[PDB]
Number of protein chains: 2
Amino acid sequence: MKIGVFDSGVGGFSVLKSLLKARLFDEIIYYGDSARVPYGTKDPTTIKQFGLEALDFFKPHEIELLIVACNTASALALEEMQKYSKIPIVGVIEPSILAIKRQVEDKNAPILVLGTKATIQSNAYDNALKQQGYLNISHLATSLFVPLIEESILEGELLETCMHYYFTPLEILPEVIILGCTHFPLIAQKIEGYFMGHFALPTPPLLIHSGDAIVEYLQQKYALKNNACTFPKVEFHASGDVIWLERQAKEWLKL
Amino acid sequence: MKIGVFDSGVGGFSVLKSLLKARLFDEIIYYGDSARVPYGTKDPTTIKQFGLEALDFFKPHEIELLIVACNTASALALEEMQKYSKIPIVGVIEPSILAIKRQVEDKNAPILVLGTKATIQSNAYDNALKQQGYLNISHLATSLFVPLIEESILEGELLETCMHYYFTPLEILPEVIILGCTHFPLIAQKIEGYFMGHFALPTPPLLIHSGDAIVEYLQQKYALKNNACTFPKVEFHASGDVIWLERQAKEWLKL
Ligand SMILES: CC(C)Cn1c(=O)n(C)c(=O)c2c(-c3cncn3C)n(Cc3cccc4ccccc34)nc21
Ligand SMILES: CC(C)Cn1c(=O)n(C)c(=O)c2c(-c3cncn3C)n(Cc3cccc4ccccc34)nc21
Ligand SMILES: N[C@H](CCC(=O)O)C(=O)O
Ligand SMILES: N[C@H](CCC(=O)O)C(=O)O
């Protein structure tokens, strides 16, 4: 199968990695709208229109399915993109809801959603979660995590001080934390260590990764299988510097 | 006189505040490309073209001069903008160079240039200072200041730790600090406080503010006298969050 993956930029790599490791696809066309990144700081009408525009980018590629790796575009643009697209478009929020259902039998478990401002203000996560019977849902816009991560602040005092800034106010101690942004997997264990260091817990909260969750959905929904070729064809495309993006793929993805 | 102000988003307000206090112009059309903010994290090509697209936006408005309030656009897009424009275009780098040339006779004074990644990478400031005979020039990309300032992290521990992270590796004690980004006046006193508090500085460093510097330039170059109408007509446009932009203008600029 030939598919598209769309993200606001390089962050989508966290999803593409899961897809690659699972060997789902013979061909993948990755588009990063990196001239306009971030999306998370911006308004719904702007982001919806970004998502429609990404649809036009894909048209000459004859993809059969579009993955929207971006949790912000997933939260805000996806309904509008699906409305004008014949092929299916799969976002990263719904697959995470299905993963939570499999992994979190206790409907009362405190679940913390972390995301960009736009993702958190949409309440996409909370709404889906409530519909499936969840009763203790909390949310937090950890906005500064995105540029810290862009600047490779993946440990140390500055990261620790930032986490502390966002997490100290929380009144509830989550048993489940949804990593509802492309960037946040890169600080997954530091978030785990934060809660383990700051509270007496025998195990860290369960972390939900958007990549692994969409992999599980794609396998099940499309009978996709971990035996697409050994050397998938993958093209990178960007509205900003595509050579830099390709250089990133080569360094971090081996491609 | 009707003129235009361009910036990547709201940060240009720091320049606009200075323009308004100086009563230089009867009417100002402000445009922020806030669908695509920030520019500072991006590349020459992408930023040159943003700045040519800003020319297009000003065409129906019949402006007589354009001020590029963005330090990043000034650094990367100015020449290209000027190459095509029929009206004078004034950016925020050259006026800062001439402000320094006026206040700082000592060619060995240690001047420190703070900007976005793109601004610093261009060496637009360093080149201009060197041509003016300056021999002691350091630069730092203080990239996380921008998002921290956007999230109103204007004091406290997170700012202090961010500043520590950028300022600690510095091998020269500055006598001149260029606030080479729209956003950095909002923490000017905090920056001055970090240097006075952690080092043995005899007296505060001379801080160069892009807006005060452009004003000085505009007055002198254009023989503008500060005798424009007491309440100028000012319009606010943006590529998104325009409503938000207009709110910010009323709350913060008195407009
Ligand atoms: C995302 C996984 C698949 C690969 N990866 C990584 O494991 N680390 C530890 C990085 O530091 C990194 C970076 C990186 C290079 N410079 C900064 N970093 C963080 N990239 C590229 C990248 C850049 C910016 C944001 C990103 C967000 C998500 C994924 C990759 C990102 N990919 C990176
Ligand atoms: C003319 C400027 C200096 C007036 N002004 C201000 O003095 N403070 C202290 C603000 O906090 C503020 C803000 C603000 C509203 N939300 C966060 N802040 C910081 N704006 C709008 C604004 C927003 C974001 C970044 C900005 C960067 C430069 C100038 C204005 C900016 N203007 C603001
Ligand atoms: N990809 C975005 C993060 C970067 C951005 O804000 O565009 C998300 O997953 O929410
Ligand atoms: N206005 C930009 C800062 C914000 C951005 O990165 O676009 C500058 O002065 O460099």
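Only this structure's heavy atoms are used, side chains among them; waters, hydrogens and symmetry mates stay out. A, B, ... follow the sequence lines: proteins, then strands. Residue 1 opens every chain.
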Colleague: Any heavy-atom pair between the side chains of A:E171 and A:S138 that's under 4.5 Å?
Modeller: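 No, every pair of side-chain atoms sits at 4.5 Å or beyond.
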Colleague: Looking at A:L170, I'd like to know if its CG atom is crowded, meaning that more than 12 non-hydrogen atoms belonging to other residues, nucleotides or ligands lie closer than 6.0 Å.
Modeller: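 Yes.
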Colleague: Start with the C-alpha distance between A:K130 and A:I137, add both sets of side-chain angles, then the distance that settles side chain to side chain contact (heavy atoms under 4.5 Å, CB included), and finish with yes or no.
Modeller: CA-CA 8 Å; A:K130 301 172 192 215; A:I137 306 151; 3.5 Å; yes
Colleague: I'd like to know if the side chain of B:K254 reaches the main chain of B:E251, judged simply by a donor and an acceptor atom lying under 3.5 Å from each other, with no hydrogens or angles considered.
Modeller: no
Colleague: Does B:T46 offer a backbone N or O that forms a donor-acceptor pair with the side chain of B:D43 under 3.5 Å?
Modeller: yes
Colleague: Counting heavy atoms not belonging to A:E105, are there more than 12 under 6.0 Å from its CD?
Modeller: no
Colleague: Are there over 12 heavy-atom neighbours, none belonging to B:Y166, within less than 6.0 Å of that residue's OH?
Modeller: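 Correct, the count exceeds 12.
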Colleague: Taking 4.0 angstrom as the limit, do A:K48 and A:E53 come out as a salt bridge?
Modeller: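 Between A:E53 and A:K48 there is no salt bridge, as every charged N stays at least 4.0 Å from the carboxylate O atoms.
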Colleague: Would you call B:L159 and B:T161 a side-chain contact if the rule is heavy atoms closer than 4.5 Å?
Modeller: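 No, side chains not in contact.
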Colleague: Does A:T119 form a side chain to side chain donor-acceptor pair (under 3.5 Å) with A:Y39? I'd like the steps, not just the answer.
Modeller: CA-CA 9 Å; A:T119 300; A:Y39 280 9; over 6 Å; no
Colleague: Tell me, do A:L255 and A:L20 make a side-chain contact under 4.5 Å, heavy atoms counted?
Modeller: yes
Colleague: For B:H183 and B:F145: C-alpha separation, side-chain torsions, deciding distance, then whether ring-ring contact (aromatic ring centres under 6.0 Å, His included) applies.
Modeller: CA-CA 8 Å; B:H183 288 46; B:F145 292 176; over 10 Å; no
Colleague: Hey, is the main chain of B:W244 close enough, under 3.5 Å, to the side chain of B:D241 for a donor-acceptor pair?
Modeller: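 It does not hold such a pair.
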Colleague: Strictly distance-based, threshold 3.5 Å: is any side-chain N or O of B:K42 a donor or acceptor partner for the main-chain N or O of A:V37?
Modeller: yes
Colleague: So A:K17 and A:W252, side chain to side chain contact (heavy atoms under 4.5 Å, CB included) or not? Walk me through it.
Modeller: CA-CA 9 Å; A:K17 187 179 184 198; A:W252 297 96; over 6 Å; no
Colleague: Looking at A:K250, I want to see if its NZ is surrounded by more than 12 non-hydrogen atoms of other residues, nucleotides or ligands under 6.0 Å.
Modeller: no
Colleague: Do A:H139 and A:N123 come close enough that some side-chain heavy atom pair is under 4.5 Å?
Modeller: yes
Colleague: Just checking A:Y125 against A:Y134, ring centres under 6.0 Å apart?
Modeller: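 No, the ring of A:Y125 stays outside the 6.0 Å limit from the ring of A:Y134, centre to centre.
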Colleague: What about A:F13 and A:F236, are their ring centers closer than 6.0 Å?
Modeller: yes
Colleague: Could you report the tightest heavy-atom contact between B:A118 and B:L76, atom names first, then the distance?
Modeller: O-CD1, 3.7 Å
Colleague: Could you tell me the separation between the CD atom of B:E155 and the CD1 atom of B:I187, rounded to the nearest 0.5 Å?
Modeller: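 CD1 of B:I187 is found 11.0 Å from CD of B:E155.
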Colleague: Check whether the side chains of B:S14 and B:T182 place a donor and an acceptor atom closer than 3.5 Å, and report yes or no.
Modeller: no
Colleague: Would you say the side chain of A:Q132 lies within less than 4.5 Å of the side chain of A:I97, judging by non-hydrogen atoms?
Modeller: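 Side-chain contact under 4.5 Å: yes.
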Colleague: For B:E157, is the CD atom crowded, meaning more than 12 foreign heavy atoms sit under 6.0 Å from it?
Modeller: no
Colleague: Go through B:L114 and B:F167 one step at a time and tell me if the side chain to side chain contact (heavy atoms under 4.5 Å, CB included) criterion holds.
Modeller: CA-CA 10 Å; B:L114 319 180; B:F167 292 150; 4.0 Å; yes
Colleague: Taking all non-hydrogen atoms of both residues into account, name the closest pair between A:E80 and A:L52 and its distance.
Modeller: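 Looking at all heavy atoms of both residues, the closest pair is O-CD2, 3.7 Å.
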Colleague: Short question: side chain of A:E151, backbone of B:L144 - any donor-acceptor pair under 3.5 Å?
Modeller: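 The answer is no, because no donor-acceptor pair under 3.5 Å joins these two groups.
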Colleague: Give the intermediate values and the outcome of side chain to side chain donor-acceptor pair (under 3.5 Å) for residues A:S239 and A:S34.
Modeller: CA-CA 5 Å; A:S239 53; A:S34 56; 4.6 Å; no
Colleague: How far apart are the closest heavy atoms of B:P95 and B:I214, and which atoms are they?
Modeller: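 Closest approach of B:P95 to B:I214, heavy atoms only: CB-CA, 3.7 Å.
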Colleague: Quick check for you: to the nearest 0.5 Å, what is the distance between A:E192 atom CD and A:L206 atom CG?
Modeller: 9.0 Å
Colleague: Check whether any side-chain heavy atom of A:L112 sits under 4.5 Å from a side-chain heavy atom of A:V176, and report yes or no.
Modeller: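 Of all side-chain heavy-atom pairs linking A:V176 with A:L112, none is under 4.5 Å.
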Colleague: Do you know the tightest heavy-atom contact between A:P38 and A:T41?
Modeller: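 What the structure gives for the nearest pair is CG-OG1, 3.6 Å.
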Colleague: Within the 3.5 Å criterion, strictly below it, is a donor on A:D33 or A:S8 matched to an acceptor on the partner's side chain?
Modeller: no
Colleague: Run the ring-centre check on A:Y30 versus A:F6 and record whether the distance is less than 6.0 Å.
Modeller: no
Colleague: When rounded to the nearest 0.5 angstrom, what distance separates CG in A:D126 from CD1 in A:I120?
Modeller: 7.0 Å
Colleague: Measuring from atom NZ of B:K190 to atom SG of B:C162, what distance do you get when rounded to the nearest 0.5 angstrom?
Modeller: 14.0 Å
Colleague: Side chain of A:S210, backbone of A:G180: donor and acceptor closer than 3.5 Å?
Modeller: no
Colleague: Cut-off 3.5 Å, side chains only: do B:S74 and B:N71 have a donor facing an acceptor?
Modeller: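 No, B:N71 and B:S74 have no side-chain donor paired with an acceptor closer than 3.5 Å.
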Colleague: With a 4.5 Å limit on heavy-atom distance, are the side chains of B:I93 and B:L78 in contact?
Modeller: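 B:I93 vs B:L78: side chains apart.
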Colleague: Is the count of non-hydrogen atoms from other residues, nucleotides or ligands lying under 6.0 Å from B:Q49 atom CD greater than 12?
Modeller: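 More than 12 within 6.0 Å, yes.
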